[PDB]
Amino acid sequence: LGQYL
Amino acid sequence: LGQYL
Amino acid sequence: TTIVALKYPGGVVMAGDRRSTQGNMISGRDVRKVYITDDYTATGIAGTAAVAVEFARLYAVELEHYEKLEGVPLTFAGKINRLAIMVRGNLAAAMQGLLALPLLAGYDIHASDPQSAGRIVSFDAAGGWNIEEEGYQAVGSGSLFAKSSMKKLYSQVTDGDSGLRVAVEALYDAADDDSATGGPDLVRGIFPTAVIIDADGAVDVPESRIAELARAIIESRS
Amino acid sequence: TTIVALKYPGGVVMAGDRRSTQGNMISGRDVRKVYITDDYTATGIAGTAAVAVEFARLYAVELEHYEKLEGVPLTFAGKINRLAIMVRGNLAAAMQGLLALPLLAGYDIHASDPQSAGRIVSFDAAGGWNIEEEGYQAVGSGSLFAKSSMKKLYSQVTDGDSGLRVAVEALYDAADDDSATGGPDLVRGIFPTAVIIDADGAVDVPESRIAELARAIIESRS
Amino acid sequence: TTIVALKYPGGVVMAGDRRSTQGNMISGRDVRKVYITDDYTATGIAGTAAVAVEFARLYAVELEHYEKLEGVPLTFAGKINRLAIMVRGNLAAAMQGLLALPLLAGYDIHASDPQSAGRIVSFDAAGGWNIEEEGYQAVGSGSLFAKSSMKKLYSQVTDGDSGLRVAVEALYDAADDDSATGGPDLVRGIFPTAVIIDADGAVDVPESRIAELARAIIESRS
Amino acid sequence: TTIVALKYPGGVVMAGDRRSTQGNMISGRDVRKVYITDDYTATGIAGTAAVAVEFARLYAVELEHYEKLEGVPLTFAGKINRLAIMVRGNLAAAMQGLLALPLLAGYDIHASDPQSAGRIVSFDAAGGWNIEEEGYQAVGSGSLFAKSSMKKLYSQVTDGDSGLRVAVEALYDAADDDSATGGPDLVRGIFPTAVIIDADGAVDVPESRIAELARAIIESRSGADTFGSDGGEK
Amino acid sequence: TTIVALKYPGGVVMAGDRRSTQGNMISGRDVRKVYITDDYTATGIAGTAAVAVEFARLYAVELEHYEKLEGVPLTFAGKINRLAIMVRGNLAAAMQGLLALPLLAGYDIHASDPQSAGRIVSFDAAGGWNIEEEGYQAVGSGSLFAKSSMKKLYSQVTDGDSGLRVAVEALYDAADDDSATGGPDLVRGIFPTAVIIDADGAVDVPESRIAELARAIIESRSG
Amino acid sequence: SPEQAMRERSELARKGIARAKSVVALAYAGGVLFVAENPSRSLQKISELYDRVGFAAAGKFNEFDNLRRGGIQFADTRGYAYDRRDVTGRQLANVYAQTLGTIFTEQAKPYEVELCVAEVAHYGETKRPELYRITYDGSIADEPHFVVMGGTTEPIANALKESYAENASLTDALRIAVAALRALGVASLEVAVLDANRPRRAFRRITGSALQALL
Amino acid sequence: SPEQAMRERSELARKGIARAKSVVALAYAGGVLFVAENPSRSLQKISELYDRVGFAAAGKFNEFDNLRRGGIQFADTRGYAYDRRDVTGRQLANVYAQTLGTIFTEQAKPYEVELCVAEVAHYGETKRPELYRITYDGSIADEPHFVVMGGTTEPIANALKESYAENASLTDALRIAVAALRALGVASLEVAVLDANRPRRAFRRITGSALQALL
Amino acid sequence: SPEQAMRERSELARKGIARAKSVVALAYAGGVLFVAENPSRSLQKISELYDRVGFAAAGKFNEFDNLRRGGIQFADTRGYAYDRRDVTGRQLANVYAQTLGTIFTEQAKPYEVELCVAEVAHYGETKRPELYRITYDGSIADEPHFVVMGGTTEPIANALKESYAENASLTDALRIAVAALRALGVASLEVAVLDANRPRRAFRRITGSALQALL
């Protein structure tokens, strides 16, 4: 997955 | 499958 | 508009006029108001012409639909009930000027005595129905004059021909006393339509016989 | 508005005027009120202009939709039934001042006798329909005058050209006795539109022919 | 309120006044009533100001939405149909006083003759539309006076500048005869707004040219 | 009820009266009719008091909700559109006597010229809106008198203080000609409320400044009445 | 029907009459129109009796429901908003003759100044509310007479006893000028009901004290 | 493995299309000519979609018949909504491609059909006819000269490539189409044309003695 | 097995939380200071919930952004329903805890987020700020001084335990937070405060030259 | 293991993306220039979203075309609801990212598409163009100079890294884009620009003789 802040 | 642009 | 029906020994006959009007203006001269719904019943509807045609078409469709689905025709009481239900359901629209009063005549194949198998059924605006026992009935604007003429003329009915003559004479009287009912048009050659129902089924009367009867009546009254 | 239609040996012709008004004020001078719905039927609609255009467009769409879906055109009775259903469904809006009364003319390809294949159908505000048997019919505000003129002039119809002349003269009379119907405008060169239907299909009459007929009528009456 | 539109060789022009009222009270002096819906059509709407603004906004949004979705702008007939549908759908609210009567002027790039590519379309309260063929049309309270002035002044239209001058003079006459239409306000420097459409698209006319034309007309009539 | 709003170089000012009536009876003497919806707009509502309060509350809630959801405040045109939509949706209830006519004053930070960033928007009962170009507008029962007074007095507006004085005098004239509009109450010490919006945001005017301006206006009117005559007779 | 409420230093007091009528006929002589909704507010409702009772019951149920669910009582503004919402929702039935106009009096525990923590809120038919500033308000048919009497009598209010006496006298004047409002009935011993709210909460005033005040007022009026 | 299932679906659709009869559609001087090998007299593989749009298909009848009905419904709705001239063959082809892709992805069994959408220019207008071929998976390919669908397409396509000629007359195009389709009489041929010379509706079937004289 | 499912969900969420940037929120003299490491300029991890309530999160953006929108909707609805002062950070924390404890057990994939709710006293009021930390499973912990979320929380918490001081100024608190977060320039720091001195709305971001001057 | 199956999902999405043509979008003096390798004439990969927002995509046509339609619907609804200037490319990018994340998490097959949203400044206003790239999983990355999508992007991106220059003219930017795309004629290129000099609508396709003169 992606888009971890 | 098909129809990749 | 005037539609009459009377019983004779061995069958029943129904006849109706041909005129349709919009107020005082004549709009139609060859309107057919008597329909053969099935092999043994005929239905004549008075009132608004469009509603009458729609009712006859829908009633015939419903009867044929039931006969095809079940493989056996409806009893006469069932046909009366369906027509009464349709009339009752049309009450709200009839209150808006779309009234339609049908007259039902038929031959009961399941009746005991074949000579008295004819049936005449009348309807009111509320959907109620009554099987006539006096042998004749009429609907429309000129119904009263036609019934009063048939009351005096019914003693001469002994077969199909005499019954047809009496029905034609009653229609002539109704057209004589009512402007909304059209009489025999000798100039254009247009005559009222009639249907005869007996043990062999319902058939349309040829125009030539009705023309002969109308001319005989006119010569009698000339 | 006035739309006329009459039968001639071998076909049928329908014509209509060009004027549209808002009360006493003239708002349109070139309105086309006769439409070619398909290859063998023409529809003229009187009343509110917007409702007439919408009805013509929707009726043509429905007929073509059925023809494309089933691969076979509807019979004439089916087209009559669909138009009558549309008129019946428009009753609620017509009671609010959006009345629209159509006139249907067609050439029945399935008819037995080619010389009597023309068909004229009239409709009332209640959705009822009747196939005209006198060979001519008219709708609109000036319909009575045009119908009475055609009653006298119908004896002169023997072919397509004579029928077209009679239709143009009937429209001229309707515009002569009705202010809401526009006559031939010689100053602007605006003339009524007409459609002729025969075995080869429905075609639009060229403006030059109608102009010549109108000028001949005007010279005859002056 | 008065919005005028007229055709000149190679294009079309549309102009409108600036006044909005509430009864006899003047509530607005710089209202803009002519909108550029897209690159080749302009729409002016008369009646209630709020309904007019909302109609223009919604119509432009719908046209741009279709153009972005399908990748190709609608044909002129499609735009006419959509505007007519909106007008027809607003009928119930117009019966309550929220009336809006639009005027559509456009340039047809797909037309054969470039000099006759201009189009003027008028609408009624029932949603009906008619493509004007006399070269000019007007909507609003002072529409009749402006139209009657354009009838006399249309012979002088030969290009864009003459057409603009004629439109300004027609608006001046409409304001001169109707109190609900505002005239050229020299004290505040407020002048009618105009849009010119040609092969290069639709552009807003600069205020200086309209001011010069209005001053010339005023000096001519002094 | 009367609410006025006028533009001055560098900002805008909005003021309103304090009286609420039920027919000819006075039911309220300290009603506040001018609200600060956000940091750069002020909204005043005329008509039914309950509908006015609900309108202001819902409008502020909607604007703050959008700002919190998107992380950026609405443009001025967006706020105008939302208020117009609310007014249009209230039309059916307004036809039954629950009428509410808003007046919008704001300071557009995205405008090019800072000195002309003030904005005044007027609304009608049908939801239509118009951006005023004459620099002043008024709503309410006494709107006509206040607008006519501002038409004569607008030439004196040169800064925020002069604009505030002109607005107070317009409210005074509206109350002088309309019984539904309350004038400055010297006995109870109740004065009209005002909001002034500039580059630093919207702030509430302290009551002392409005009180002394109203007192000066009353003194000027009394002195002019003493000096004047009915064409020669007092 | 007439219900009054006035502020005194350190609290608030609300009183109401006992008569209910059906036209010109007297149907009730002991109706109670002032309710203790919670520990620090009181609600008096004028208009149709059935609608008033239903309104008070529903409002108390809603307030207690919120307090039990959230574990913390509503702020005073929240209570005002809920009552205003109920009044606004009852508008359609009010147009049909089921009108009910409530009067709200309460003591705010979160107020900065304990001496001026009393609150009086009045409502209109459209649901709008206004926090009273003059220190007294009244609702009902005889509301105008009681309000005009309190306007003259408010200078004498210095504590709870004087405020209660002034409220009773205002109710007496309202009954004196309005036939739909019942006065102190000495024959049957029926006197107006009152509620006093202070820092310790809301309590019902005993009947003996109100009877004594009514007798003193009557003796003063008769000379 | 989704890839293996997709390959299985593709092979099933390909064999289903292979079981169908052959259809040829080629552009000529007068427009587009449709010639299909149809033994049945009640079942038709060539139909009209709109005024200037034709339709050809090959495969499972109960699937492309439903697709044809849906396309006719879409075209009529679009024409009534905006205008008749706002309906184009490109939009119909795109709708067919989307529907076939969605069916190929979601339904248990993909449609075993192959569609052809042909459009001619309006009356009094000059424009090269457009041919679109839409496959079972949803791919749409634009063919400039001719389209062959159903049955064994390699020999028919080779024959058409060898014998095709632009601006050919109707009779020569019909002869070439029949010769390539053999690689038949009026009792097993379904012939229709999109006659660009027609004013409004270009679709027209050629059957009976006229067809017999033509070939 | 419920034990294995809970263990797998807990480990997946714990591995998703640590795969992200770090946010620190600590209380100072003027209220609560939010410091976040955010290289992005459009996506923000610090946001306002209500007048005196803030929001900080760390994890998968599309999940805590949806949670933030839901919390804003709930806060606005509650404020309009009863009053603005009836909305408290405790209620928002309870709602978030219920939502996360339902999602952790019902949905296929638990949310990989860690929420922080901070509330300060109203204007002119004296009260210690309240910090709430809601984890993925649905547990809520009350932190008196500071909250560390995302990344390697242990070293930052250790640094804060040594460097924290109550009633510190904004500049000192910002320096302490940055020093603990390093264990950064203005182009990668997202800074906002809940200023208790504000009249109504306490949330206020500190970006640009104003941020540059502070640190 | 669902985590390892997510690897298969990502691999399938990457294979779908790489099985397509290449699109490049770079900023220049006049705004944003779009250059795409599109042999087809009916299907397009570049489209307008709103007045100042463009759209570029690469992957499966039936997926990003639906996404484009959804974005157009959202932009028009937002513009009509509040104002035209309230619509920004940031909101469109956020919506696309959320939708793609939801599809990648819930639907059986992830969308094998790669989106690009570009926004330019309004007329009379100065602002650097903003480029956003949205991947199948939902991640959005802000590219300051250029975006390359579809096919083998490594050589094209490497060539652009050397040949790119800010404030370049339209002709120079087009030459650079085509040269990097090769590592084509007017019959296989789709060229559109977001011309910041346009008053209201910036999107404008450059095809035909004008495109021929440009390159």
# chains A, B, ... in the order shown; residues from 1 in each chain; ligands from 1
call {"tool": "closest_atom_pairs", "arguments": {"of": "chain J", "to": "chain F", "cutoff": "12 Å", "atoms": "only C-alpha atoms", "output": "JSON lines"}}
result
{"residue": "J:78", "atom": "CA", "partner": "F:78", "partner_atom": "CA", "distance": 10.3}
{"residue": "J:79", "atom": "CA", "partner": "F:78", "partner_atom": "CA", "distance": 9.2}
{"residue": "J:80", "atom": "CA", "partner": "F:81", "partner_atom": "CA", "distance": 9.3}
{"residue": "J:81", "atom": "CA", "partner": "F:81", "partner_atom": "CA", "distance": 7.7}
{"residue": "J:82", "atom": "CA", "partner": "F:78", "partner_atom": "CA", "distance": 4.4}
{"residue": "J:83", "atom": "CA", "partner": "F:78", "partner_atom": "CA", "distance": 5.0}
{"residue": "J:84", "atom": "CA", "partner": "F:78", "partner_atom": "CA", "distance": 8.6}
{"residue": "J:85", "atom": "CA", "partner": "F:75", "partner_atom": "CA", "distance": 7.4}
{"residue": "J:86", "atom": "CA", "partner": "F:75", "partner_atom": "CA", "distance": 6.6}
{"residue": "J:87", "atom": "CA", "partner": "F:74", "partner_atom": "CA", "distance": 10.2}
{"residue": "J:88", "atom": "CA", "partner": "F:70", "partner_atom": "CA", "distance": 10.7}
{"residue": "J:90", "atom": "CA", "partner": "F:70", "partner_atom": "CA", "distance": 10.1}
{"residue": "J:91", "atom": "CA", "partner": "F:70", "partner_atom": "CA", "distance": 8.3}
{"residue": "J:92", "atom": "CA", "partner": "F:70", "partner_atom": "CA", "distance": 12.0}
{"residue": "J:94", "atom": "CA", "partner": "F:70", "partner_atom": "CA", "distance": 10.8}
{"residue": "J:124", "atom": "CA", "partner": "F:112", "partner_atom": "CA", "distance": 10.4}
{"residue": "J:125", "atom": "CA", "partner": "F:112", "partner_atom": "CA", "distance": 10.4}
call {"tool": "residues_around", "arguments": {"residues": "residue 1 (chain A)", "least_positions_apart": "6", "cutoff": "12 Å", "atoms": "only C-alpha atoms", "output": "JSON, numbers by chain"}}
result
{"I": [16, 19, 60, 61, 62, 112], "J": [2, 3, 4, 5, 6, 7, 8, 9, 10, 11, 13, 100, 101, 102, 104, 105, 110, 135, 136, 137, 138, 139]}
call {"tool": "select_by_dssp", "arguments": {"residues": "region 34-161 of chain G", "states": "strand (DSSP E)", "output": "short mmCIF file (atom, residue, chain, number, x, y, z; two decimals) with N, CA, C and O atoms, in the first residue's frame"}}
result
data_model
loop_
_atom_site.label_atom_id
_atom_site.label_comp_id
_atom_site.auth_asym_id
_atom_site.auth_seq_id
_atom_site.Cartn_x
_atom_site.Cartn_y
_atom_site.Cartn_z
N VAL G 34 -46.96 26.07 37.38
CA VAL G 34 -45.52 26.29 37.52
C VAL G 34 -44.88 24.95 37.87
O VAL G 34 -45.27 24.31 38.85
N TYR G 35 -43.89 24.55 37.08
CA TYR G 35 -43.23 23.26 37.24
C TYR G 35 -41.75 23.46 37.54
O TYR G 35 -41.14 24.44 37.11
N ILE G 36 -41.19 22.52 38.28
CA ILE G 36 -39.76 22.48 38.57
C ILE G 36 -39.15 21.47 37.60
O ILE G 36 -39.14 20.27 37.86
N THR G 37 -38.65 21.97 36.46
CA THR G 37 -38.12 21.07 35.43
C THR G 37 -36.87 20.35 35.91
O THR G 37 -36.69 19.16 35.63
N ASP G 38 -35.99 21.06 36.61
CA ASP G 38 -34.78 20.45 37.17
C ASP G 38 -34.38 21.26 38.39
O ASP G 38 -35.14 22.09 38.89
N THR G 41 -34.09 25.30 37.26
CA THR G 41 -34.97 26.01 36.34
C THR G 41 -36.42 25.71 36.66
O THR G 41 -36.75 24.65 37.20
N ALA G 42 -37.29 26.67 36.33
CA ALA G 42 -38.73 26.51 36.45
C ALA G 42 -39.39 26.99 35.17
O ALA G 42 -38.93 27.95 34.54
N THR G 43 -40.46 26.31 34.78
CA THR G 43 -41.14 26.59 33.52
C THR G 43 -42.63 26.76 33.78
O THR G 43 -43.30 25.84 34.25
N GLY G 44 -43.15 27.95 33.47
CA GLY G 44 -44.58 28.21 33.49
C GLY G 44 -45.08 28.42 32.07
O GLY G 44 -44.47 29.17 31.30
N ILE G 45 -46.18 27.76 31.73
CA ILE G 45 -46.70 27.76 30.37
C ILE G 45 -48.15 28.23 30.40
O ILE G 45 -48.96 27.73 31.18
N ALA G 46 -48.47 29.20 29.54
CA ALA G 46 -49.82 29.72 29.40
C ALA G 46 -50.43 29.25 28.08
O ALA G 46 -49.72 28.90 27.14
N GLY G 47 -51.76 29.25 28.04
CA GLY G 47 -52.50 28.79 26.88
C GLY G 47 -53.40 27.62 27.22
O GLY G 47 -53.94 27.54 28.33
N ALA G 100 -49.52 27.44 23.02
CA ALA G 100 -48.93 27.34 24.35
C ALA G 100 -47.68 28.20 24.38
O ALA G 100 -46.72 27.94 23.65
N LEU G 101 -47.68 29.23 25.23
CA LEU G 101 -46.55 30.13 25.36
C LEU G 101 -45.86 29.93 26.70
O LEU G 101 -46.46 30.23 27.75
N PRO G 102 -44.64 29.42 26.73
CA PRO G 102 -43.96 29.17 28.01
C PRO G 102 -43.14 30.36 28.48
O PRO G 102 -42.76 31.24 27.71
N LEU G 103 -42.89 30.36 29.79
CA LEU G 103 -42.00 31.33 30.43
C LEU G 103 -40.95 30.56 31.21
O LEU G 103 -41.28 29.65 31.98
N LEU G 104 -39.68 30.92 31.02
CA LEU G 104 -38.56 30.18 31.59
C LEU G 104 -37.82 31.07 32.58
O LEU G 104 -37.41 32.18 32.24
N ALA G 105 -37.66 30.58 33.81
CA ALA G 105 -36.86 31.23 34.83
C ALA G 105 -35.87 30.23 35.39
O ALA G 105 -36.22 29.07 35.64
N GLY G 106 -34.63 30.67 35.59
CA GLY G 106 -33.60 29.76 36.07
C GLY G 106 -32.46 30.49 36.74
O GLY G 106 -32.33 31.71 36.65
N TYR G 107 -31.63 29.70 37.41
CA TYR G 107 -30.44 30.19 38.09
C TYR G 107 -29.22 29.55 37.45
O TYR G 107 -29.12 28.32 37.41
N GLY G 118 -29.59 35.04 38.29
CA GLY G 118 -30.95 34.77 37.87
C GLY G 118 -31.17 35.09 36.41
O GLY G 118 -30.58 36.02 35.85
N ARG G 119 -32.03 34.30 35.77
CA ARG G 119 -32.31 34.44 34.35
C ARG G 119 -33.80 34.34 34.11
O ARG G 119 -34.47 33.49 34.70
N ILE G 120 -34.32 35.20 33.24
CA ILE G 120 -35.71 35.16 32.81
C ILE G 120 -35.73 35.20 31.29
O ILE G 120 -35.14 36.10 30.68
N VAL G 121 -36.41 34.23 30.67
CA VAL G 121 -36.46 34.10 29.22
C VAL G 121 -37.92 34.05 28.79
O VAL G 121 -38.71 33.28 29.34
N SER G 122 -38.27 34.86 27.80
CA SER G 122 -39.61 34.92 27.25
C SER G 122 -39.60 34.45 25.81
O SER G 122 -38.63 34.66 25.08
N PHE G 123 -40.69 33.80 25.40
CA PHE G 123 -40.80 33.21 24.07
C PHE G 123 -42.03 33.76 23.36
O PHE G 123 -43.04 34.07 23.98
N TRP G 129 -36.81 33.74 21.23
CA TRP G 129 -36.61 33.90 22.66
C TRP G 129 -35.81 35.16 22.94
O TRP G 129 -35.00 35.60 22.11
N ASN G 130 -36.04 35.75 24.11
CA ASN G 130 -35.35 36.97 24.51
C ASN G 130 -35.06 36.90 26.00
O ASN G 130 -35.97 36.66 26.80
N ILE G 131 -33.80 37.12 26.36
CA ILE G 131 -33.40 37.14 27.77
C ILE G 131 -33.79 38.50 28.34
O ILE G 131 -33.28 39.54 27.89
N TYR G 136 -38.20 41.40 35.07
CA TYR G 136 -39.51 40.82 35.28
C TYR G 136 -40.19 40.59 33.94
O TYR G 136 -39.95 41.33 32.97
N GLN G 137 -41.02 39.56 33.88
CA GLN G 137 -41.77 39.22 32.68
C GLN G 137 -43.01 38.43 33.09
O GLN G 137 -43.05 37.81 34.16
N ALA G 138 -44.02 38.47 32.23
CA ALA G 138 -45.27 37.76 32.50
C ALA G 138 -45.87 37.27 31.20
O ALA G 138 -45.67 37.87 30.14
N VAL G 139 -46.60 36.16 31.29
CA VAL G 139 -47.31 35.58 30.15
C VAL G 139 -48.73 35.26 30.57
O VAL G 139 -49.03 35.08 31.76
N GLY G 140 -49.62 35.19 29.59
CA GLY G 140 -51.01 34.86 29.81
C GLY G 140 -51.94 35.97 29.38
O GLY G 140 -51.52 37.01 28.86
#
call {"tool": "atom_distance", "arguments": {"atom1": "CA of residue 36 (chain H)", "atom2": "CA of residue 166 (chain H)"}}
result
20.5 Å
call {"tool": "residues_around", "arguments": {"residues": "residue 214 (chain I)", "least_positions_apart": "2", "cutoff": "8 Å", "atoms": "only C-alpha atoms", "output": "JSON, numbers by chain"}}
result
{"I": [171, 174, 210, 211, 212]}
call {"tool": "residues_around", "arguments": {"residues": "region 103-112 of chain D", "least_positions_apart": "5", "cutoff": "6 Å", "atoms": "only C-alpha atoms", "output": "list in words"}}
result
residues 40, 41, 42, 43, 44, 45, 117, 118, 119, 120, 121 and 122 of chain D
call {"tool": "write_last_selection", "arguments": {"atoms": "N, CA, C and O atoms", "output": "short mmCIF file (atom, residue, chain, number, x, y, z; two decimals), in the first residue's frame"}}
result
data_model
loop_
_atom_site.label_atom_id
_atom_site.label_comp_id
_atom_site.auth_asym_id
_atom_site.auth_seq_id
_atom_site.Cartn_x
_atom_site.Cartn_y
_atom_site.Cartn_z
N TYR D 40 -45.66 6.71 -44.80
CA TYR D 40 -47.03 6.62 -45.30
C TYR D 40 -48.07 7.30 -44.42
O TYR D 40 -49.27 7.14 -44.68
N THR D 41 -47.68 8.04 -43.39
CA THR D 41 -48.63 8.76 -42.56
C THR D 41 -48.17 10.20 -42.36
O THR D 41 -46.98 10.49 -42.30
N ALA D 42 -49.15 11.10 -42.27
CA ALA D 42 -48.91 12.50 -41.97
C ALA D 42 -49.83 12.93 -40.84
O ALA D 42 -50.99 12.51 -40.79
N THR D 43 -49.32 13.77 -39.95
CA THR D 43 -50.06 14.18 -38.76
C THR D 43 -50.08 15.70 -38.68
O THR D 43 -49.02 16.34 -38.68
N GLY D 44 -51.28 16.27 -38.61
CA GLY D 44 -51.47 17.69 -38.34
C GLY D 44 -52.16 17.87 -37.00
O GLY D 44 -53.18 17.25 -36.73
N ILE D 45 -51.57 18.73 -36.17
CA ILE D 45 -52.03 18.93 -34.80
C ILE D 45 -52.41 20.39 -34.62
O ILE D 45 -51.61 21.28 -34.92
N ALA D 117 -57.17 3.04 -50.63
CA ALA D 117 -56.22 2.81 -49.55
C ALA D 117 -56.01 4.04 -48.67
O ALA D 117 -55.37 3.92 -47.63
N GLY D 118 -56.52 5.20 -49.07
CA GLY D 118 -56.39 6.38 -48.24
C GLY D 118 -57.21 6.28 -46.97
O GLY D 118 -58.28 5.68 -46.94
N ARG D 119 -56.68 6.87 -45.90
CA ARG D 119 -57.32 6.82 -44.59
C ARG D 119 -57.24 8.19 -43.93
O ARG D 119 -56.18 8.82 -43.96
N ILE D 120 -58.35 8.63 -43.35
CA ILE D 120 -58.40 9.87 -42.58
C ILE D 120 -59.01 9.56 -41.23
O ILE D 120 -60.10 8.97 -41.15
N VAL D 121 -58.32 9.95 -40.16
CA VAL D 121 -58.74 9.65 -38.79
C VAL D 121 -58.80 10.95 -38.01
O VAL D 121 -57.85 11.75 -38.04
N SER D 122 -59.91 11.17 -37.31
CA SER D 122 -60.10 12.35 -36.47
C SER D 122 -60.14 11.94 -35.01
O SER D 122 -60.53 10.82 -34.67
#
call {"tool": "interface_residues", "arguments": {"of": "chain G", "to": "chain I", "cutoff": "8 Å", "atoms": "only C-alpha atoms", "output": "list in words"}}
result
residues 74, 75, 77, 78, 79, 81 and 82 of chain G
call {"tool": "residues_around", "arguments": {"residues": "residue 1 (chain E)", "least_positions_apart": "6", "cutoff": "9 Å", "atoms": "only C-alpha atoms", "output": "list in words"}}
result
residues 16, 17, 18, 19, 20, 21, 33, 46, 47, 139, 140, 141, 142, 143, 175, 178, 180, 181 and 182 of chain E
call {"tool": "write_last_selection", "arguments": {"atoms": "N, CA and C atoms", "output": "short mmCIF file (atom, residue, chain, number, x, y, z; two decimals), in the first residue's frame"}}
result
data_model
loop_
_atom_site.label_atom_id
_atom_site.label_comp_id
_atom_site.auth_asym_id
_atom_site.auth_seq_id
_atom_site.Cartn_x
_atom_site.Cartn_y
_atom_site.Cartn_z
N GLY E 16 -29.34 44.84 -24.11
CA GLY E 16 -30.35 44.91 -23.07
C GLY E 16 -30.16 46.13 -22.20
N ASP E 17 -31.22 46.48 -21.47
CA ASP E 17 -31.20 47.66 -20.61
C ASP E 17 -30.54 47.32 -19.27
N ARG E 18 -30.58 48.26 -18.33
CA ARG E 18 -29.88 48.12 -17.06
C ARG E 18 -30.77 48.29 -15.84
N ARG E 19 -32.07 48.54 -16.02
CA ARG E 19 -32.94 48.88 -14.90
C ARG E 19 -33.68 47.66 -14.38
N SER E 20 -33.79 47.56 -13.06
CA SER E 20 -34.63 46.59 -12.38
C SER E 20 -35.50 47.33 -11.38
N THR E 21 -36.78 46.99 -11.34
CA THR E 21 -37.75 47.72 -10.53
C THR E 21 -38.49 46.78 -9.59
N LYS E 33 -28.20 41.92 -18.12
CA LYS E 33 -29.21 40.94 -18.50
C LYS E 33 -28.82 40.10 -19.70
N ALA E 46 -35.72 37.81 -19.69
CA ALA E 46 -36.56 38.84 -19.11
C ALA E 46 -37.50 38.22 -18.08
N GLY E 47 -38.06 39.08 -17.23
CA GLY E 47 -38.94 38.65 -16.16
C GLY E 47 -38.33 38.92 -14.80
N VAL E 139 -37.75 40.79 -26.36
CA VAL E 139 -38.51 40.28 -25.22
C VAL E 139 -38.49 41.32 -24.11
N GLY E 140 -39.46 41.22 -23.22
CA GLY E 140 -39.58 42.12 -22.09
C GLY E 140 -40.84 42.96 -22.17
N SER E 141 -40.98 43.84 -21.18
CA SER E 141 -42.15 44.71 -21.11
C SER E 141 -42.19 45.69 -22.28
N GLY E 142 -41.04 46.23 -22.66
CA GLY E 142 -40.97 47.18 -23.75
C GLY E 142 -40.65 46.54 -25.08
N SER E 143 -40.91 45.23 -25.19
CA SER E 143 -40.55 44.50 -26.40
C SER E 143 -41.31 45.01 -27.62
N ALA E 175 -37.26 52.36 -23.96
CA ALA E 175 -37.20 53.13 -22.71
C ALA E 175 -38.03 54.40 -22.80
N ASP E 178 -41.67 52.96 -22.37
CA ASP E 178 -41.93 52.11 -21.21
C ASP E 178 -41.13 52.61 -20.02
N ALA E 180 -40.64 50.94 -17.21
CA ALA E 180 -39.89 49.86 -16.59
C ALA E 180 -38.56 49.59 -17.27
N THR E 181 -38.31 50.21 -18.42
CA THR E 181 -37.06 50.07 -19.15
C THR E 181 -36.23 51.34 -18.96
N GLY E 182 -34.97 51.17 -18.58
CA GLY E 182 -34.09 52.30 -18.35
C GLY E 182 -33.41 52.75 -19.63
#
call {"tool": "residues_around", "arguments": {"residues": "region 207-214 of chain D", "least_positions_apart": "4", "cutoff": "8 Å", "atoms": "only C-alpha atoms", "output": "number ranges by chain"}}
result
D: 165, 168-169, 184, 191-193, 218
